[PDB]
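Two forms of the same protein chain are encoded below as structure tokens; each is given separately, as structure 1 and structure 2.
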Structure 1
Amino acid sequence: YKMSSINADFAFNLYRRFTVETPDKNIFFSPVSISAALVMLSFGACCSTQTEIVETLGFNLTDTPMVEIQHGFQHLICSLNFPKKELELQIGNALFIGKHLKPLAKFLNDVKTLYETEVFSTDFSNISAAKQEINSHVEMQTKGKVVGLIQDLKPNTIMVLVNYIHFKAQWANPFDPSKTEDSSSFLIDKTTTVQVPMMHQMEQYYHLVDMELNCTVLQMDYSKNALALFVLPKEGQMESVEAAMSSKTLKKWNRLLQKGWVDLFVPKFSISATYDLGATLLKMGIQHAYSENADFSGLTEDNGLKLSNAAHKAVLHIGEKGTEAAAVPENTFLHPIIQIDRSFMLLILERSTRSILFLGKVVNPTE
């Protein structure tokens, strides 16, 4: 439906902003975790403070009113977090608000019930302790994956917004670790290579050669409800492919991907990136939230509350097993070969709601 479509466009707009902030470097975030976190924040906001968030998120208030957007994200969060057999998936977020400001009981229950949101009362006069509280909550929620989310914290800080995702899944076709090459050449520039181990399997994969956008798209299924999309642009075409990415593009690929026997070569690697979302969201329209003129009346009765920081970090491993620790010890040329040896874009999607669990660019897979 339309919400999936509107969230994917946000994902690619948010992605592009990151390409101007940090050009020619790795990008990695959970757009759905961000999109859901902002709506949640919005719930406690009033007037133009609230209005701005939903419009930066990509929604039109004439098309769909605020209550419908809430009920939609209500349903999206609930369906995602629903424990499905062979998949661990949790999209969550928290708030850390200065002890002197009392959040409303209605708001508290509403966000825990409808948005999977815990709200914490934190003392920000001890920026050291305050950091350790926050980081440990994300470290706890993500089962040790996302460590040390927040490095910097101003003495001013009044409210800190944190969003995250927990993801654990197996490949539908797991790789043979014995078939993994120890050191393969991987292009990052046009005049730099790095040694990345290269996993090797020949199996049936969905793929496409896009003649219009000048890239190869490969789909690798997880066993339950999730898939990876590897987008490999021809040389010099990385940025034009970045311009191309939209909801309209995915719909195209969904219609056109074909299954066949492929000699597949995929790098074994871990990617992580950490963001303070403020600089880009400020550019993208969310003003009044960070402002001294913030209206968060739905959240608290008493005065002086506003958003200090929105912080998010995404971590993902690509291994032989799936999204899990490897630690594993140690025929023909008439198959069409797909070899991911250059810098590529990467998408992790969830099937039933068409959400983007992860998006990013891998420029260099060795941190």
Structure 2
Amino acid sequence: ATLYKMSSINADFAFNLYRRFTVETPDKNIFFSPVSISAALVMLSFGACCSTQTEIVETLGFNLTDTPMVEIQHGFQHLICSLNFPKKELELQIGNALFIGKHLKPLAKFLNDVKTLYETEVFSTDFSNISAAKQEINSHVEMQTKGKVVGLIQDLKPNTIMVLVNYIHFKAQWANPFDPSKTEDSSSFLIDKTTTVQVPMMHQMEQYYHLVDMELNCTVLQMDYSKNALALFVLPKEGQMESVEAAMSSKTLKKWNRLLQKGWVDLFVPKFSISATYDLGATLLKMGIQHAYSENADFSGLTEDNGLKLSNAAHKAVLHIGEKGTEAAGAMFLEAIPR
């Protein structure tokens, strides 16, 4: 109810970022956690002031006249809390870690806030040994994602003085699992007009919510997990992927939620894993986060001396879909250097 308006803005941010990725890497796999990316940037905004702060939340899709800064902060705090609330049969955890340089002067308020309100672990980190620091952070992310996100950080700047990381791990079982005895070992999957790859193809005949969107010329299939989560598969008609991508929005999701109807489907779904990485520094800059990178960055709410600025950002996310369910994880990295 109160979360919905925010999650909807978060969804339109997800689709806008998705469309930037389709320009960066056309006709290629895309996979990311929008909630991870949004949550990491809102955390950074908690210590920002003035235009540095407003640029971040506006880039995330918020209108400050509609949703005041304090409301955005409270909302995201409530969102993280709700997502982490234990739900039987569902593994879902989203958390943050702050790796603070030995000589940093973080404000006691910033630290207590993130720890108490934003599921944050704080670690005193010696960045003078940059190789060891990078390994500590990568290993932490690896642990918190149940081993699924390995080597998040490829390079760490030698003058790094703070790193903020967000992680998400998700593991769920299908409401109606596939029988591996009905999985075809090797089936064709079209990757371009003249080329197929072979994948195992799972097969079941069950009642699912589904629709054909008559305007967008795509099939939409909902597959429930056993509690509090679902997967939506969107299968455009031949030649329609670009137009469907253009149309993806919270408005479109609301339309589909009304139109979905449960009935029998003879369903074939591939068993597969993929992984994706994104260097987000320049993308976030293009999207409107400018002052955070500048020599006049205003993070006066974070450290005593306003002594840092954003230098780099990256995301990695992984997916596996099989007969039992789905396991996915992601992590976001934000690097800071002296201002």
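Along the sequence of structure 1, residues get numbers from 1 upward. Take the two forms, superpose them, and find the largest set of C-alpha atoms that agree within 1.5 Å; that set is the rigid core.
Of the candidates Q201, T157, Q141, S184, the Cα that moves 2 angstroms or more after core superposition between the two structures belongs to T157 alone. Comparing the forms between the two structures on their rigid core, the Cα displacement of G298 stays under 2 Å. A94: CA moves 2 Å or more between the two structures after rigid-core fitting.
In the core-superposed comparison between the two structures, the C-alpha atom of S125 has shifted by at least 2 angstroms. Core fit done between the two structures; CA of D276 shifted by 2.0 Å. Comparison between the two structures places the CA of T64 1.6 angstrom away from its other position, after core fitting.
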